[PDB]
Amino acid sequence: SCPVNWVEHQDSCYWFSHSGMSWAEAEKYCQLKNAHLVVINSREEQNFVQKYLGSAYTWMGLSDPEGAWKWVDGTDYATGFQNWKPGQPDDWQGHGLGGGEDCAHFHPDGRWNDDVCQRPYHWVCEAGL
Ligand SMILES: [Ca+2]
Ligand SMILES: [Ca+2]
Ligand SMILES: [Ca+2]
Ligand SMILES: [Ca+2]
Ligand SMILES: [Ca+2]
Ligand SMILES: [Ca+2]
Ligand SMILES: [Cl-]
Ligand SMILES: [Cl-]
Ligand SMILES: [Cl-]
Ligand SMILES: [Cl-]
Ligand SMILES: [Cl-]
Ligand SMILES: [Zn+2]
């Protein structure tokens, strides 16, 4: 059902990187594989993904560059599953790299943070069946 190097869970296929990329390069990579950065739709999917994270910060398909949080596939953010770290998202500017923080990633414990999109983090692709 899933292609080789992809993991099947509950009607999605997932691919977990062994490397890091900026958020935009990871979403380009997922799109080239007819997929997208992972969209977390439920607690059960959050638990599956967080269980197999490669012990490093990992991008997901959630960003707010135009001002509101959006999932790459159009899943509604505000009515959807959320799993932020305490005090996140904060759009922090104190990194001094310019602007705030517009891309969401997993901490190893599975809780989410907004960070600078240009950081090379691991990522997860997802595609339907
Ligand atoms: Ca590898
Ligand atoms: Ca999903
Ligand atoms: Ca499961
Ligand atoms: Ca932001
Ligand atoms: Ca952490
Ligand atoms: Ca943050
Ligand atoms: Cl939350
Ligand atoms: Cl950013
Ligand atoms: Cl960095
Ligand atoms: Cl899809
Ligand atoms: Cl999907
Ligand atoms: Zn999808």
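The basis for the numbers below is simple: all heavy atoms, side chains too, and nothing from hydrogens, waters or symmetry mates. Residues: numbered from 1 along the sequence shown.
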* Taking atom CG of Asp11 as the centre, does the number of heavy atoms from other residues, nucleotides or ligands within less than 6.0 Å exceed 12? -> no
Could you tell me whether a side-chain N or O of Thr58 sits under 3.5 Å from a main-chain N or O of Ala56, the two making a donor and an acceptor?
yes
For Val124 and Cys30, the nearest pair of non-hydrogen atoms, with its separation, is O-SG, 4.3 Å
ask   = Does NZ in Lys28 sit with more than 12 non-hydrogen atoms of other residues, nucleotides or ligands closer than 6.0 Å?
value = no
request  = Spell out, as yes or no, whether a donor-acceptor pair under 3.5 Å connects the side chain of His95 to the backbone of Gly100.
outcome  = yes
Membership question, hydrophobic clusters at under 4.5 Å side-chain separation (ILVMFWY): are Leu62 and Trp92 in the same one? no
Are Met21 and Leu97 linked, directly or through intermediate hydrophobic residues, by side-chain heavy-atom contacts shorter than 4.5 Å (ILVMFWY only)? no
In this structure, CG of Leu32 is separated from CD of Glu27 (nearest 0.5 Å) by 11.0 Å
* Asked: Would you say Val38 and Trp84 are hydrophobically clustered, going by side-chain heavy atoms of ILVMFWY under 4.5 Å?
  -> yes
What verdict does the side-chain hydrogen bond (donor to acceptor under 3.5 Å, both in side chains) test give for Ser22 and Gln118, after you've listed the backbone C-alpha separation in whole Å, the side-chain angles of each residue and the deciding distance to 0.1 Å? CA-CA 5 Å; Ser22 74; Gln118 298 101 262; over 6 Å; no
Does a side-chain heavy-atom distance below 4.5 Å link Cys125 with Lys33?
no
| query | Does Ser63 use its side chain to pair, donor to acceptor, with the backbone of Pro65 at less than 3.5 Å? | reply | no
When rounded to the nearest 0.5 Å, the distance separating CG of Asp64 from SG of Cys117 is 8.0 Å
Of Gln46, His105, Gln88, the one forming a side-chain hydrogen bond (donor to acceptor under 3.5 Å, both in side chains) with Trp112 is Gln46
_Would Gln82 and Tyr77 count as a side-chain hydrogen bond (donor to acceptor under 3.5 Å, both in side chains) here? Give the steps._
CA-CA 8 Å; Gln82 312 183 12; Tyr77 165 74; 3.2 Å; yes
For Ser12 and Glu126, the nearest pair of non-hydrogen atoms, with its separation, is OG-OE2, 2.7 Å
Common cluster, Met60/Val116, ILVMFWY with side-chain heavy-atom separation under 4.5 Å: no
(message) Whether the side chain of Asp115 engages the backbone of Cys103 through a donor-acceptor N/O pair (distance < 3.5 Å, no angle test) should be reported.
(response) no
d(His107 NE2, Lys85 NZ) to nearest 0.5 Å is 5.5 Å
Between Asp90 and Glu101 the two heavy atoms that sit nearest each other are OD1-OE1, 3.0 Å
- Task: Give a yes or no on whether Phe81 atom CZ has more than 12 heavy-atom contacts from other residues, nucleotides or ligands under 6.0 Å away.
- Result: yes
CG (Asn83) and CG (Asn113) are apart, to the nearest 0.5 Å, by 12.0 Å
Value for CD (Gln10) from CG (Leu129), rounded to nearest 0.5 Å, stands at 10.5 Å
Note: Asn34 and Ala127 closest approach over all heavy atoms is O-CB, 3.8 Å
Result for ring-ring contact (aromatic ring centres under 6.0 Å, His included) between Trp123 and one of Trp59, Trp23, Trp15 points to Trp15
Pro108 side chain near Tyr57 side chain, heavy-atom distance below 4.5 Å
yes
Note: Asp91 and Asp102 closest approach over all heavy atoms is OD1-OD1, 3.3 Å
The reported gap from CH2 in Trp71 to CG in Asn41 (rounded to nearest 0.5 angstrom) is 7.5 Å
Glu45 vs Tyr14 side-chain heavy atoms within contact, under 4.5 Å: yes
| query | Any idea how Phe16 and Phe48 line up, ring-wise: parallel (<30°), tilted (30 to 60°), or perpendicular (>60°)? | reply | perpendicular
